[PDB]
């Protein structure tokens, strides 16, 4: 499959895209972000693999950035696959307590730093991690960049079909989606794991898709 792709969205914000064959989904296209604060870089989700995580880190290190931290939006390997490699490279990995518990229960390597707060500032006034409640998974988080008004919704934002329901909470997802819309109505751009980038209406599309999925279940 192709190497990880890196594309600039705007000043200090990049999209990383990685490709992996996942049993029952074929080749999955996965987006995350890299956020720059001066010469510091933060990875919003890891690629699926150590290989792609290393390519991503190398691209930024080669351009004079230090990787100061990573946040995984949920426990699935499309957000966490690179944690083990990042830990081995002394790059601080972060996950919620819930995510780390789910990683431990699935026999996976944990993030080294964890937090329990609903709202966690990875970087004061620059990178907010927010737990809207269960949806795609029990632990799913979003990341908000207040300067750019960019929301990374990870695998919670599902404007055109919910995807993998294996670990999903269909009962909670509509409530969690309304919490997200209430928190980030000012979003200019919503980047998702698997969908086209869009405006704040993608949070309303997600709420509609969660309602539809619950009703059908």
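Numbering follows the first chain given and starts at 1. In this text, the rigid core denotes the largest set of C-alpha atoms whose superposition between the two forms falls within 1.5 Å.
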message: Root mean square C-alpha distance from this form after a core fit in 5 other deposited structures of this protein: higher for 44-52 or for 26-34?
response: 26-34
message: Can you check whether 202-210 or 16-24 lies farther from the displayed model in 5 other deposited structures of this protein, averaging C-alpha distances as RMS after superposing on the core?
response: 16-24
- prompt: Which has the higher mean CA temperature factor in the PDB entry, 39-47 or 59-67?
  reply: 59-67
query: Per the entry, where is the mean C-alpha temperature factor higher: 150-158 or 167-175?
result: 167-175
task: Ordered by C-alpha B-factor within the chain, which third holds residue 132? Give me lowest, middle or highest, please.
output: lowest
- prompt: Which third of the chain does residue 203 land in by C-alpha B-factor: lowest, middle or highest?
  reply: middle
field: Position of residue 123 among the chain's modelled residues by C-alpha B-factor, lowest, middle or highest third
entry: highest
- request: Comparing against every modelled residue in the chain, figure out the third that the C-alpha B-factor of residue 110 lands in (lowest, middle or highest).
  value: middle
message: Which third, lowest, middle or highest, does the C-alpha temperature factor of residue 209 belong to within its own chain?
response: highest
